>>> print(open('upload-v3.pdb').read())   # PDB, N, CA and C atoms
ATOM      1  N   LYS A   1    -134.547 -71.286 -21.200  1.00  0.00           N
ATOM      2  CA  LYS A   1    -135.348 -72.200 -22.005  1.00  0.00           C
ATOM      3  C   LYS A   1    -135.323 -71.785 -23.473  1.00  0.00           C
ATOM      4  N   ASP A   2    -135.324 -70.479 -23.713  1.00  0.00           N
ATOM      5  CA  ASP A   2    -135.301 -69.963 -25.078  1.00  0.00           C
ATOM      6  C   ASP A   2    -133.923 -70.161 -25.701  1.00  0.00           C
ATOM      7  N   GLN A   3    -132.883 -69.815 -24.949  1.00  0.00           N
ATOM      8  CA  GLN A   3    -131.518 -69.959 -25.439  1.00  0.00           C
ATOM      9  C   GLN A   3    -131.295 -71.355 -26.009  1.00  0.00           C
ATOM     10  N   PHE A   4    -132.213 -72.267 -25.700  1.00  0.00           N
ATOM     11  CA  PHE A   4    -132.107 -73.638 -26.187  1.00  0.00           C
ATOM     12  C   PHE A   4    -132.817 -73.786 -27.529  1.00  0.00           C
ATOM     13  N   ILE A   5    -133.944 -73.099 -27.676  1.00  0.00           N
ATOM     14  CA  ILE A   5    -134.710 -73.161 -28.916  1.00  0.00           C
ATOM     15  C   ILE A   5    -133.991 -72.406 -30.028  1.00  0.00           C
ATOM     16  N   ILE A   6    -133.698 -71.134 -29.779  1.00  0.00           N
ATOM     17  CA  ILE A   6    -133.011 -70.309 -30.768  1.00  0.00           C
ATOM     18  C   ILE A   6    -131.670 -70.933 -31.146  1.00  0.00           C
ATOM     19  N   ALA A   7    -131.282 -71.973 -30.416  1.00  0.00           N
ATOM     20  CA  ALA A   7    -130.018 -72.651 -30.683  1.00  0.00           C
ATOM     21  C   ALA A   7    -130.218 -73.783 -31.685  1.00  0.00           C
ATOM     22  N   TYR A   8    -131.413 -74.366 -31.682  1.00  0.00           N
ATOM     23  CA  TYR A   8    -131.721 -75.459 -32.595  1.00  0.00           C
ATOM     24  C   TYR A   8    -133.146 -75.333 -33.121  1.00  0.00           C
ATOM     25  N   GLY A   9    -134.120 -75.542 -32.240  1.00  0.00           N
ATOM     26  CA  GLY A   9    -135.522 -75.448 -32.627  1.00  0.00           C
ATOM     27  C   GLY A   9    -135.752 -74.264 -33.559  1.00  0.00           C
ATOM     28  N   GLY A  10    -134.957 -73.214 -33.382  1.00  0.00           N
ATOM     29  CA  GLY A  10    -135.082 -72.023 -34.215  1.00  0.00           C
ATOM     30  C   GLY A  10    -134.039 -72.022 -35.326  1.00  0.00           C
ATOM     31  N   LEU A  11    -132.776 -72.188 -34.945  1.00  0.00           N
ATOM     32  CA  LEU A  11    -131.692 -72.205 -35.919  1.00  0.00           C
ATOM     33  C   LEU A  11    -131.711 -73.506 -36.714  1.00  0.00           C
ATOM     34  N   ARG A  12    -131.473 -74.618 -36.027  1.00  0.00           N
ATOM     35  CA  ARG A  12    -131.464 -75.922 -36.681  1.00  0.00           C
ATOM     36  C   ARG A  12    -130.191 -76.097 -37.503  1.00  0.00           C
ATOM     37  N   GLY A  13    -129.056 -75.747 -36.908  1.00  0.00           N
ATOM     38  CA  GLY A  13    -127.775 -75.868 -37.594  1.00  0.00           C
ATOM     39  C   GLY A  13    -127.702 -77.170 -38.387  1.00  0.00           C
ATOM     40  N   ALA A  14    -128.529 -78.138 -38.005  1.00  0.00           N
ATOM     41  CA  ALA A  14    -128.549 -79.426 -38.689  1.00  0.00           C
ATOM     42  C   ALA A  14    -128.702 -79.231 -40.193  1.00  0.00           C
ATOM     43  N   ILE A  15    -129.302 -78.112 -40.581  1.00  0.00           N
ATOM     44  CA  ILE A  15    -129.503 -77.819 -41.994  1.00  0.00           C
ATOM     45  C   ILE A  15    -128.340 -76.998 -42.539  1.00  0.00           C
ATOM     46  N   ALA A  16    -127.931 -75.989 -41.778  1.00  0.00           N
ATOM     47  CA  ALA A  16    -126.828 -75.130 -42.191  1.00  0.00           C
ATOM     48  C   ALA A  16    -125.567 -75.952 -42.434  1.00  0.00           C
ATOM     49  N   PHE A  17    -125.347 -76.955 -41.591  1.00  0.00           N
ATOM     50  CA  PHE A  17    -124.172 -77.808 -41.726  1.00  0.00           C
ATOM     51  C   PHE A  17    -124.254 -78.628 -43.009  1.00  0.00           C
ATOM     52  N   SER A  18    -125.428 -79.192 -43.273  1.00  0.00           N
ATOM     53  CA  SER A  18    -125.625 -79.997 -44.471  1.00  0.00           C
ATOM     54  C   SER A  18    -125.290 -79.187 -45.720  1.00  0.00           C
ATOM     55  N   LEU A  19    -125.772 -77.948 -45.760  1.00  0.00           N
ATOM     56  CA  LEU A  19    -125.518 -77.077 -46.901  1.00  0.00           C
ATOM     57  C   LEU A  19    -124.065 -76.610 -46.905  1.00  0.00           C
ATOM     58  N   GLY A  20    -123.533 -76.344 -45.717  1.00  0.00           N
ATOM     59  CA  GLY A  20    -122.151 -75.891 -45.594  1.00  0.00           C
ATOM     60  C   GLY A  20    -121.194 -77.075 -45.524  1.00  0.00           C
ATOM     61  N   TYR A  21    -121.746 -78.281 -45.607  1.00  0.00           N
ATOM     62  CA  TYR A  21    -120.932 -79.490 -45.551  1.00  0.00           C
ATOM     63  C   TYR A  21    -120.345 -79.807 -46.922  1.00  0.00           C
ATOM     64  N   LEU A  22    -121.054 -79.406 -47.972  1.00  0.00           N
ATOM     65  CA  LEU A  22    -120.595 -79.655 -49.333  1.00  0.00           C
ATOM     66  C   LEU A  22    -119.445 -78.720 -49.694  1.00  0.00           C
ATOM     67  N   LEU A  23    -119.775 -77.463 -49.971  1.00  0.00           N
ATOM     68  CA  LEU A  23    -118.761 -76.479 -50.332  1.00  0.00           C
ATOM     69  C   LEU A  23    -117.573 -76.557 -49.378  1.00  0.00           C
ATOM     70  N   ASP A  24    -117.778 -77.210 -48.240  1.00  0.00           N
ATOM     71  CA  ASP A  24    -116.715 -77.351 -47.251  1.00  0.00           C
ATOM     72  C   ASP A  24    -115.771 -78.483 -47.639  1.00  0.00           C
ATOM     73  N   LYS A  25    -116.345 -79.630 -47.990  1.00  0.00           N
ATOM     74  CA  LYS A  25    -115.546 -80.784 -48.380  1.00  0.00           C
ATOM     75  C   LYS A  25    -115.334 -80.804 -49.891  1.00  0.00           C
ATOM     76  N   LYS A  26    -116.409 -80.565 -50.636  1.00  0.00           N
ATOM     77  CA  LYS A  26    -116.330 -80.558 -52.091  1.00  0.00           C
ATOM     78  C   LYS A  26    -115.851 -79.200 -52.596  1.00  0.00           C
TER      79      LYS A  26
END
>>> encode(input="upload-v3.pdb", output="structure tokens")
Amino acid sequence: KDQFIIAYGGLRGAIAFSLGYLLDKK
């Protein structure tokens, strides 16, 4: 159950990608 939270609820790659989405494409 935790391995699921620390995967998103905790990490939230949704943000890391957004920030890493720029320097990645731009």
>>> select_by_dssp(input="upload-v3.pdb", residues="chain A", states="helix (DSSP H, G or I)", output="VMD selection string")
chain A and resid 2 to 9 13 to 25
>>> write_last_selection(input="upload-v3.pdb", atoms="N, CA and C atoms", output="mmCIF file, in the coordinates of the input")
data_model
loop_
_atom_site.group_PDB
_atom_site.id
_atom_site.type_symbol
_atom_site.label_atom_id
_atom_site.label_comp_id
_atom_site.auth_asym_id
_atom_site.auth_seq_id
_atom_site.Cartn_x
_atom_site.Cartn_y
_atom_site.Cartn_z
ATOM 1 N N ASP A 2 -135.324 -70.479 -23.713
ATOM 2 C CA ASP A 2 -135.301 -69.963 -25.078
ATOM 3 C C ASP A 2 -133.923 -70.161 -25.701
ATOM 4 N N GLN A 3 -132.883 -69.815 -24.949
ATOM 5 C CA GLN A 3 -131.518 -69.959 -25.439
ATOM 6 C C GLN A 3 -131.295 -71.355 -26.009
ATOM 7 N N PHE A 4 -132.213 -72.267 -25.700
ATOM 8 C CA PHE A 4 -132.107 -73.638 -26.187
ATOM 9 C C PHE A 4 -132.817 -73.786 -27.529
ATOM 10 N N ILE A 5 -133.944 -73.099 -27.676
ATOM 11 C CA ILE A 5 -134.710 -73.161 -28.916
ATOM 12 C C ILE A 5 -133.991 -72.406 -30.028
ATOM 13 N N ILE A 6 -133.698 -71.134 -29.779
ATOM 14 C CA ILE A 6 -133.011 -70.309 -30.768
ATOM 15 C C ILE A 6 -131.670 -70.933 -31.146
ATOM 16 N N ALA A 7 -131.282 -71.973 -30.416
ATOM 17 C CA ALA A 7 -130.018 -72.651 -30.683
ATOM 18 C C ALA A 7 -130.218 -73.783 -31.685
ATOM 19 N N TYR A 8 -131.413 -74.366 -31.682
ATOM 20 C CA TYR A 8 -131.721 -75.459 -32.595
ATOM 21 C C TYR A 8 -133.146 -75.333 -33.121
ATOM 22 N N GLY A 9 -134.120 -75.542 -32.240
ATOM 23 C CA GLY A 9 -135.522 -75.448 -32.627
ATOM 24 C C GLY A 9 -135.752 -74.264 -33.559
ATOM 25 N N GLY A 13 -129.056 -75.747 -36.908
ATOM 26 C CA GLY A 13 -127.775 -75.868 -37.594
ATOM 27 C C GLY A 13 -127.702 -77.170 -38.387
ATOM 28 N N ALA A 14 -128.529 -78.138 -38.005
ATOM 29 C CA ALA A 14 -128.549 -79.426 -38.689
ATOM 30 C C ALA A 14 -128.702 -79.231 -40.193
ATOM 31 N N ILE A 15 -129.302 -78.112 -40.581
ATOM 32 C CA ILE A 15 -129.503 -77.819 -41.994
ATOM 33 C C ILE A 15 -128.340 -76.998 -42.539
ATOM 34 N N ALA A 16 -127.931 -75.989 -41.778
ATOM 35 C CA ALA A 16 -126.828 -75.130 -42.191
ATOM 36 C C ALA A 16 -125.567 -75.952 -42.434
ATOM 37 N N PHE A 17 -125.347 -76.955 -41.591
ATOM 38 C CA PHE A 17 -124.172 -77.808 -41.726
ATOM 39 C C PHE A 17 -124.254 -78.628 -43.009
ATOM 40 N N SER A 18 -125.428 -79.192 -43.273
ATOM 41 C CA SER A 18 -125.625 -79.997 -44.471
ATOM 42 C C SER A 18 -125.290 -79.187 -45.720
ATOM 43 N N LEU A 19 -125.772 -77.948 -45.760
ATOM 44 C CA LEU A 19 -125.518 -77.077 -46.901
ATOM 45 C C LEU A 19 -124.065 -76.610 -46.905
ATOM 46 N N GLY A 20 -123.533 -76.344 -45.717
ATOM 47 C CA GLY A 20 -122.151 -75.891 -45.594
ATOM 48 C C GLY A 20 -121.194 -77.075 -45.524
ATOM 49 N N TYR A 21 -121.746 -78.281 -45.607
ATOM 50 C CA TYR A 21 -120.932 -79.490 -45.551
ATOM 51 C C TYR A 21 -120.345 -79.807 -46.922
ATOM 52 N N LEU A 22 -121.054 -79.406 -47.972
ATOM 53 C CA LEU A 22 -120.595 -79.655 -49.333
ATOM 54 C C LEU A 22 -119.445 -78.720 -49.694
ATOM 55 N N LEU A 23 -119.775 -77.463 -49.971
ATOM 56 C CA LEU A 23 -118.761 -76.479 -50.332
ATOM 57 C C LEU A 23 -117.573 -76.557 -49.378
ATOM 58 N N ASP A 24 -117.778 -77.210 -48.240
ATOM 59 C CA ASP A 24 -116.715 -77.351 -47.251
ATOM 60 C C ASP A 24 -115.771 -78.483 -47.639
ATOM 61 N N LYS A 25 -116.345 -79.630 -47.990
ATOM 62 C CA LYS A 25 -115.546 -80.784 -48.380
ATOM 63 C C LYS A 25 -115.334 -80.804 -49.891
#
>>> atom_distance(input="upload-v3.pdb", atom1="atom CA of residue 5 of chain A", atom2="atom CA of residue 18 of chain A")
19.3 Å
>>> atom_distance(input="upload-v3.pdb", atom1="atom CA of residue 3 of chain A", atom2="atom N of residue 21 of chain A")
23.9 Å
>>> axis_aligned_box(input="upload-v3.pdb", around="segment 6-18 of chain A", padding_each_side="4 Å", output="lines of an AutoDock Vina configuration file")
center_x = -130.0
center_y = -75.2
center_z = -37.7
size_x = 19.6
size_y = 17.7
size_z = 23.9
>>> atom_distance(input="upload-v3.pdb", atom1="atom CA of residue 26 of chain A", atom2="atom CA of residue 12 of chain A")
22.1 Å
